[PDB]
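S.K.: A single structure is presented below for examination.
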Amino acid sequence: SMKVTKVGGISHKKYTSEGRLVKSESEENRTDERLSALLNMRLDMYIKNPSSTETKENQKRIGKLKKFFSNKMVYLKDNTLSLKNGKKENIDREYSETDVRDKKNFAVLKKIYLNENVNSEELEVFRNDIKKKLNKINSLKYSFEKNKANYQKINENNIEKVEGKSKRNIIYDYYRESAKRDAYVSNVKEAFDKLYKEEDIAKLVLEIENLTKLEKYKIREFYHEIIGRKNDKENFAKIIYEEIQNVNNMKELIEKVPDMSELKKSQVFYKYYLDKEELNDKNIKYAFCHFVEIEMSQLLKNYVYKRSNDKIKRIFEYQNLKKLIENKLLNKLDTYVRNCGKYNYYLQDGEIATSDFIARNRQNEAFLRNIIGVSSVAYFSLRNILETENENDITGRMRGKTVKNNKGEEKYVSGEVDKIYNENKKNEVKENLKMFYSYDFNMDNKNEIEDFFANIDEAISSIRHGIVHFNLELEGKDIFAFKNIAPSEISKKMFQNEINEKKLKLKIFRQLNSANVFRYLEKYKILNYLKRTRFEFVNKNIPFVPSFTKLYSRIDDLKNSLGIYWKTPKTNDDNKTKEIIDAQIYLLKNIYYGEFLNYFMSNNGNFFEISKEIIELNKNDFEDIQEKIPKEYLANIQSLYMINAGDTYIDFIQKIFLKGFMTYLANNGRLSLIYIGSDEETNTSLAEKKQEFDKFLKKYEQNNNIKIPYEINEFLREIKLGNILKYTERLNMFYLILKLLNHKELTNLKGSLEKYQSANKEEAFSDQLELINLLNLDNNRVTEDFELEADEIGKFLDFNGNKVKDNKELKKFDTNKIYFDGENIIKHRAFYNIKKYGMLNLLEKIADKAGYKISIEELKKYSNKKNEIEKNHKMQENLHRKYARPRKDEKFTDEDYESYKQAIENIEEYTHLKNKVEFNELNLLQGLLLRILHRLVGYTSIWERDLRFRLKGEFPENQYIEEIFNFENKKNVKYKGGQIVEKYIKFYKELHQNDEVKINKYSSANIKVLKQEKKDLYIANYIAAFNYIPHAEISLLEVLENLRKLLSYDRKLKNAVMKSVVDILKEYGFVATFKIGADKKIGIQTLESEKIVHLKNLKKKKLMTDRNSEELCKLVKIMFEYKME
RNA sequence: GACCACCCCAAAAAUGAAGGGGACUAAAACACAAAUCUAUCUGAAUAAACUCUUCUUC
RNA sequence: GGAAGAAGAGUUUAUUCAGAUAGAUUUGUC
């Protein structure tokens, strides 16, 4: 296989004139340039040792011969065989003597090995190998030329259609219409029947079925016989070409040669005549045999030739294969009319759909869907915050609605923000709101509150409405516009409150204190630091910068290596020493990421000058002297290092930074810090400081208004953070959502914007990313005190074979006191999160019917094993030292390994138990569900787009067709009311009232069946509206069953559903096996934990532990099959 | 009957449709393969600091 | 509105192992 793109940054892009290979993002045509490159013969190609069979000594001999010839090639620049070298070669190698390849070529190959002679005439051996390459490269350059933009828009002065000009597409248009679909299918079947006959096919399948390595030539050899290659080539090929010259028409050609094989005459029509003559029903038939052939060859190419073991019978049996190729050419045809719709929207009348235009749609749409997770997981929390009792969606109704009724002219409707009071839930919602947002809500002063919830709602919607329903003109950058929301007082103040200069500084102050910086540094020395260095709440990855902790770890050893100019902290007390070291690591950690990186990556750079010191010492103890910039350089260093193998790359890069950082410290006057611990005199002064500072901090966080003491302010005043976020309205509303977000949806949201920024050189989202990095700091952590109730906890407990409803029984259950201390419940982070996002009633049900509960026997194991995890962790810690960084003589005795194995195994058990006990396993499940759900909406998104695609493609004329997808029903003449589904059915029913025989399946009797079962279209409503919650009328397995039915129009989509589900489980740590029946109803056969590979590079057996407990895997299984009742 | 895709282009001589391409289209946006590095968050452990709760004993 | 001993939870910080997302480079593609 020749890889002609993605090497050299070349890509094939399509342009109106022609299709060309392009480089970078320039439009210059580099086809000839790149191909001319590949017309070389790589000399190893000549020798190989694939199998187990060879003796090692011989096998080593040949492996050797491989690497040597891998850097020499043969080309013909101008009728002369010639040689080239890829790379430098060792000046001296003892070649010695060392029937290895096909015989003819040997003479020159040995001489080449020993350097002996040009023997240019003797390079003619390889002439025939090249003219074959040259013919491949040639046929290719044409396969590139003919792949070109072929979709065009005609205004028509009236009509405004889009159509394709590919020869392929000229045949789609003919059958573009629904009416012609049945003829298009027969023509296919004619063609399949002409080429392929049951006896011969029945016998191919035997051969494919009976496959022996490289007996595949048997199948190829057989296929050519079926296709009569020998007849066409031997008999008709030359006559056809020359005669092709003699006549203009296909018709005129046929008269000249009337005994032309059917396939060889379809192939002819396609290349020469299809493009340019009127198509008649007689003419079009010619095109089909070529189309069906390609589909089989494509099947053979994909299945027999390259790659599952006996499924092949499924697609290759005569009766199946026939249907397969029919559906296929239908699927290909249906996606062409959809493409006509799509381009009809985006193209001015002149235009053609070039690769530049096409490419940006996929990228834009795809990004936008990632943001589907954000709105969905945020809605669900907004549902949690106010304990609504709507089976139905609550989007868009936080506020009371007063209407003119059919009678009496005025009436007022429930405001979900207005049930808060009607239902006497003010207390529960107050505490619920506080958990997400830190503000002292007044649940009187209702207007303030109603105006606030209406912020979270409208915020989430501004997103949801854009992504869930295809929006033609939505662009990536604007998803977080939050266009019509105007923040309310409660939101304005809180965002001002949280992103406050003082509060932010008090967070760096708190860090500094807990690092023991305030108890081991004099006030004046600190102020010198603060006037000098800035703080960032999170670091960024400059590309090549090694981790500080890795760097710090290696300080003592290197100074022996290089004149470090440092002294480690040492002291009488070990306990102080660790404390002091943290202070040193925290202060230093701060300069590196920040002040130094700026200087070191800086043009006014230490880095080039230092870098040679590392180089020079290494020579004393060969890396490049090419100037440029540090990231490219170091990159270049990577390449040299890799190519040799013989680790040493990390040291150079580690060594550059350590000496770079120190000399930086000494040079720019931070050096005093070595003596941070040092003097007992001063420390006694500072002994009460860390304690006293901590006492305040709680005081200030609890109050947030406390007068600040003078001693603290001196410090607060000289801290510098770098730029504070400007207040933005958009930022404030973005802030409201971020807090609603779950912990994984934040991490995924963040990686999504960073992808957008990396992908296109736009820093847009720069502000929004800053906020996340601030909030992501403690979003999961338990910010404030919260309360859970035993009856809520109880739901997952087996007390004497019953759930616990009572604070009093909770005592009987908890002999060991993990849940209850006897007056208040224990408040683990895990509990904290379950309250926020727990959908405990549903969770309660699923667990209940999966036999998941927590038992006393399990509690008594957790406490027993809790007593010994310190050891097992200390064990793992030290042992990993031995593996990773080992002493001069140390070995991993197998006993070391068994000891390790046992430790990690004891830890997984404790962890697995601990997670169940603490309700983390339930939190994991909660999120897995919301992800599966919200991922599914994304599918509804395509379908809702594909529909209006094929519509405008099918019926450009119909003005009304767009009405179906516009939710602004004032604006619609027809299909005035409803949802996309309902408007389409009305459209569909009218579309064929007149029918050969009654078309309509959407009868009122039938539609009623559909709506209840969530079958056909109606599944899209179940999915997009999140109706699965909270009842689970239908199963996830069922949903998947008819979501796929719903996407059966596009193959690629229909069989991507289960990939997105298998892959979403792997993220969460489950490996799933499903079975899909002849009935096509999904079931789960197994669910099991993904594994962790420990000690990845030991000659010993793979050691691993499961990611999730079998009890949990058993609970994800039932979740999927969980139906109501 | 998916996980185990899909669409486009190559047929005289170059019947090797035994070939190539695709952020172009799905996989919720940058070919896979392999190996490093890093940012962020999360789980499990330990140490120091502060805060709150529970228990036992005179 | 009494002392003195056990405990636990939360938060901050340094460190060890692991995962998930995302970013950077290298190597190579019968």
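Don't overthink the numbers, they just go from 1 along the chain as shown.
So how was this one determined? The header says X-ray crystallography, 3.1 Å.
Cβ coordinates come from backbone N, Cα and C, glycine included.
What Swiss-Prot records for this protein is below:
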type	residues	note
COILED	A:852-918	coiled coil
REGION	A:2-12	region 'Binds crRNA repeat and spacer'
REGION	A:135-147	region 'Binds crRNA repeat'
REGION	A:267-272	region 'Binds crRNA repeat'
REGION	A:297-301	region 'Binds crRNA repeat'
REGION	A:363-370	region 'Binds crRNA repeat'
REGION	A:690-694	region 'Binds crRNA spacer'
REGION	A:752-755	region 'Binds crRNA repeat'
REGION	A:776-782	region 'Binds crRNA spacer and target RNA'
REGION	A:786-918	region 'Linker'
REGION	A:967-970	region 'Binds 3'-end of target RNA, in adjacent protein'
REGION	A:1044-1054	region 'Binds crRNA processing site'
REGION	A:1076-1080	region 'Binds crRNA processing site'
SITE	A:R42	site 'Binds target RNA'
SITE	A:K48	site 'Binds 3' nucleotide of the target RNA PFS'
SITE	A:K87	site 'Binds target RNA'
SITE	A:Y241	site 'Binds crRNA repeat'
SITE	A:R369	site 'Binds crRNA repeat'
SITE	A:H465	site 'Binds 3'-end of target RNA, in adjacent protein'
SITE	A:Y593	site 'Binds crRNA spacer'
SITE	A:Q638	site 'Binds target RNA'
SITE	A:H743	site 'Binds crRNA spacer'
SITE	A:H873	site 'Binds crRNA spacer'
SITE	A:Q876	site 'Binds target RNA'
SITE	A:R1107	site 'Binds target RNA'
S.K.: Let me know the whole-Å distance spanning the Cα atoms of A:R307 and A:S308; 4 residues are not modelled in that stretch.
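M.R.: It comes out to 8 Å between the two Cα positions.
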S.K.: May I ask for the distance between A:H743 (site 'Binds crRNA spacer') and A:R1107 (site 'Binds target RNA'), taken between their Cα atoms and rounded to an integer number of Å?
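M.R.: A:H743 (site 'Binds crRNA spacer') to A:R1107 (site 'Binds target RNA'), Cα-Cα distance: 18 Å.
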S.K.: Closest to A:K87 (site 'Binds target RNA'): which of the recorded sites A:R42, A:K48, A:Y241, A:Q876, going by Cα position?
M.R.: A:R42
S.K.: On a C-alpha basis, identify the one among A:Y593, A:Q638, A:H873 that is nearest to A:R42 (site 'Binds target RNA'); the candidates are the recorded sites.
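M.R.: So, of the listed recorded sites, the one sitting closest to A:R42 (site 'Binds target RNA') is A:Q638.
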S.K.: Sort out the sequence-distant neighbours of A:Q876 (site 'Binds target RNA') for me: same chain, 6+ apart, CB within less than 8 Å of its CB, listed by position.
M.R.: A:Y900, A:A903, A:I904, A:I907
S.K.: Tell me, by DSSP, whether A:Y593 (site 'Binds crRNA spacer') is helix, strand or coil?
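M.R.: Its secondary structure by DSSP: helix.
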S.K.: Same chain, outside the region 'Binds crRNA spacer and target RNA' (A:776-782) by at least 6, Cβ under 8 Å from its Cβ: which residues?
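M.R.: Same-chain residues near the region 'Binds crRNA spacer and target RNA' (A:776-782) but 6 or more away: 537-538, 738-739, 741, 743, 746-747, 750, 827, 829, 832-833.
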S.K.: Short question: which residues 6 or more past the ends of the region 'Binds crRNA repeat' (A:297-301) have a Cβ under 8 Å from it?
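M.R.: Residues 219, 223, 315-316, 321, 324.
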S.K.: Compare the C-alpha of A:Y593 (site 'Binds crRNA spacer') with the C-alpha of each of the recorded sites A:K48, A:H465, A:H873, A:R1107, and give the closest one.
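M.R.: Looking at Cα distances from A:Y593 (site 'Binds crRNA spacer'), the smallest one goes to A:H873.
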S.K.: State which of the following recorded sites has the fewest other Cβ atoms within 10 Å around its Cβ: A:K48, A:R369, A:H465, A:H743, A:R1107.
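M.R.: Lowest Cβ count within 10 Å among the recorded sites (A:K48, A:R369, A:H465, A:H743, A:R1107) is A:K48.
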S.K.: Treating G and I as helix alongside H, and B as strand alongside E, what does DSSP give for the region 'Binds crRNA repeat' (A:267-272) in helix, strand and coil?
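M.R.: Going by DSSP assignments, the region 'Binds crRNA repeat' (A:267-272) contains 6 helix, 0 strand, 0 coil.
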S.K.: Given the recorded sites A:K48, A:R369, A:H465, find the one whose Cα is closest in space to the Cα of A:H873 (site 'Binds crRNA spacer').
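M.R.: In terms of Cα distance, A:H873 (site 'Binds crRNA spacer') lies closest to A:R369.
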S.K.: Rounded to a whole angstrom, what is the C-alpha distance between A:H465 (site 'Binds 3'-end of target RNA, in adjacent protein') and A:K48 (site 'Binds 3' nucleotide of the target RNA PFS')?
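M.R.: So the alpha carbons of A:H465 (site 'Binds 3'-end of target RNA, in adjacent protein') and A:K48 (site 'Binds 3' nucleotide of the target RNA PFS') sit roughly 60 Å from each other.
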S.K.: If I take the alpha carbons of A:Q638 (site 'Binds target RNA') and A:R1107 (site 'Binds target RNA'), what is the distance between them in whole Å?
M.R.: 34
S.K.: Can you break down the region 'Binds crRNA repeat' (A:752-755) into helix, strand and coil residue counts using DSSP?
M.R.: 4 helix, 0 strand, 0 coil
S.K.: Which of these recorded sites is closest to A:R369 (site 'Binds crRNA repeat') if you go by CA atoms: A:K48, A:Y241, A:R1107?
M.R.: A:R1107
S.K.: With Cβ-Cβ distance below 8 Å and at least 6 positions apart along the chain, what are the contacts of A:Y241 (site 'Binds crRNA repeat')? List them in sequence order.
M.R.: none
